[PDB]
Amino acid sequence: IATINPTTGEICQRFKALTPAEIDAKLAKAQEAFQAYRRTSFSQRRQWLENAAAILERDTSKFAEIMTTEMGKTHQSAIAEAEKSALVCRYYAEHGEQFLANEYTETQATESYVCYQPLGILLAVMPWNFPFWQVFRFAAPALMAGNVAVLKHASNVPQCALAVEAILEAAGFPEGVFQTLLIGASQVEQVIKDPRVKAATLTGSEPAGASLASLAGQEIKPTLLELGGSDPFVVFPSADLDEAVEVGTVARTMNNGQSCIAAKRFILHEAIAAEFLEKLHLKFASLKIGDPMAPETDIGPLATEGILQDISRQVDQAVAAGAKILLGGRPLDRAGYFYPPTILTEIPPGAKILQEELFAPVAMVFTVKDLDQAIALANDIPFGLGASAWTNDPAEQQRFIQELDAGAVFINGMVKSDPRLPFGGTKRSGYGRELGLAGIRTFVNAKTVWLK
């Protein structure tokens, strides 16, 4: 557990992991806090949540600097992330009570309804790629619902993890309602197996999700998994090509490519493929790579040496198999974990890369001849998180919406998360939904009540 600046490779600060006894003490405190917190009014929870939003809104640049220092996303995009974190806090402050109101169903009972009550301690395991937003995405509805939470954040963002707890303390949430656990992956099993822990949510890779979900399953505890994707970005002949190129470039390269809903596989109708690809090539080549603290920077370093090694290998093996590099395709010879925007074409059938997530600014490009071929190729992956399709033909739009095997389909725009709309995967991308109504309904006891 350490801050290692990916721009310089320098070790900035190390942290001692909690011991099992310390983890136990935190869970005992969470349980005690829950017994009181479940009795708080929505007005109190709303006040504290809105206070947290105001803290995020005031000190956006400072929080952004922590994110950038630890994991290398641009400071400007980290500012946006802090702003979006405030937004989801406000969303559940504004809607959470209504979303949890009794729902009455007419029967022969004098009263029959479902009410919604918190479960207790929720474990959250989170990744470094959106180190504030993913935490607030689960924490805002958890806290509004009256759950308490323990967070196991990624081992390379301890300062972000501590900052989130500090924000919630300063906002006024009682001690034990939210606790950051500075612990490694091997220490999570103790938490899942603790009788006081009632549920678990993980955003991350498949092996992490499989580990957490298998353990939780053994303990009869509900889970939600938000895993990776290889989202298609489909461009058809009636599309606004210049908009599609611009937006596609952002979709692939934002967050230095490290997003679950990045545009990863560009699927181009043959009628427009040559024009699109040339423009894509030019746009990618103009991106500014460098110090993520500089406001002009488009592409900072990848977050870790491991990610750099992995993408470098994935690309090298694809090229060895016969894939062509249109742009990029090799790590930069400079300090920090830098990998350039890359475009791969003519990838051989059966190449392993076709089935993998490229968690870096590396676009795979394909050409197709018709709608059926586009949909088949789009779905020919183990994942099913998001999908974007570009067309102004209403019949095509409807087929894309209906037939793309994903948790989200965006027509003529890049996939984005928005607190107003539920968000989650299908297939190997996970199950369950965050945000919207779903986010606050996942980890509550929907209690049926019948009164004679």
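When you see a residue number, it is the position in the sequence shown, counting from 1.
The question of which stretch, 230-238 or 102-110, has the higher mean Cα B factor is settled in favour of 102-110. Taking the mean C-alpha B-factor of each stretch as recorded, 282-290 and 342-350 are not equal, and the higher mean is that of 342-350. The entry assigns its greatest Cα B factor, within the set 302, 149, 277, 224, to 277. If you compare the C-alpha temperature factors of 189, 81, 316, 97 in the entry, 316 comes out highest. Per the deposited record, the Cα B-factor of residue 193 falls in the lowest third when ranked against the other modelled residues of its chain. In the deposited entry, the Cα temperature factor of residue 337 sits in the top third of values across the chain's modelled residues. Sorting the modelled residues of the chain by their CA temperature factor places residue 72 in the middle third. When the CA B factors of the chain's modelled residues are split into thirds, the value for residue 269 lands in the middle one. Among all modelled residues in its chain, residue 23 ranks in the lowest third by Cα B-factor.
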